Amino acid sequence: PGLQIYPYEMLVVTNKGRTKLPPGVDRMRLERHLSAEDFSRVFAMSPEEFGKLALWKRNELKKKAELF
């Protein structure tokens, strides 16, 4: 159940490529395809936190996490 989890650099948006995402990954929810390690490492917040954050926050995160 859910989505497939992959490394961070592999799930990056522009910094490490464009749409070269692993099997089953899209910019729509790239910040959700990262594992607990990857997410808490690139964002420093819980996967649930992001959804409960803000539009400027979620943006800035995906924007600072190299995946916006």
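In table form, for the structure just shown:
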{"quantity": "Cβ pairs under 6 Å, 6+ apart, first in the stretch 1-24 and closer than 11 Å to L67 by Cα, second part of a loop (DSSP other than H, G, I, E, B) and not acidic (D, E)", "calculated": "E9/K16; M10/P22; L11/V25; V12/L67; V13/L67"}
{"quantity": "Positions within the stretch 26-44 being surrounded by 15 or more Cβ atoms within 10 Å (Cβ to Cβ) and of a type in the set (D, E), in sequence order", "calculated": "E31, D38"}
{"quantity": "Residue in the stretch 61-68 that is in contact with a helix residue (DSSP H, G or I) (Cβ under 8 Å, 6 or more places away or on another chain), on the phi > 0 side of the Ramachandran plot and buried (at least 16 other Cβ atoms within 10 Å of the Cβ) present", "calculated": "yes"}
{"quantity": "Selection from the stretch 1-25 of residues that are in a loop (DSSP other than H, G, I, E, B) and surrounded by 13 or more Cβ atoms within 10 Å (Cβ to Cβ)", "calculated": "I5, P7, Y8, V12, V13, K16, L21, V25"}
{"quantity": "Which numbered condition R32 fails, given (1) basic (K, R); (2) under 10 Å from the mean Cα position of the chain (by Cα); (3) assigned to a loop (DSSP other than H, G, I, E, B)", "calculated": "(3)"}
{"quantity": "One residue from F50, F68 being over 15 Å from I5 (Cα atoms), in contact (Cβ under 8 Å) with a residue 12 or more places away in the chain, part of a helix (DSSP H, G or I) and not hydroxyl-bearing (S, T, Y)", "calculated": "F50"}
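Bear in mind these aren't lab numbers, they're just calculated from the coordinates by the rules spelled out. For neighbour counting, all protein chains shown are included, and Cβ atoms are generated from backbone atoms with ideal geometry for every residue, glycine included.
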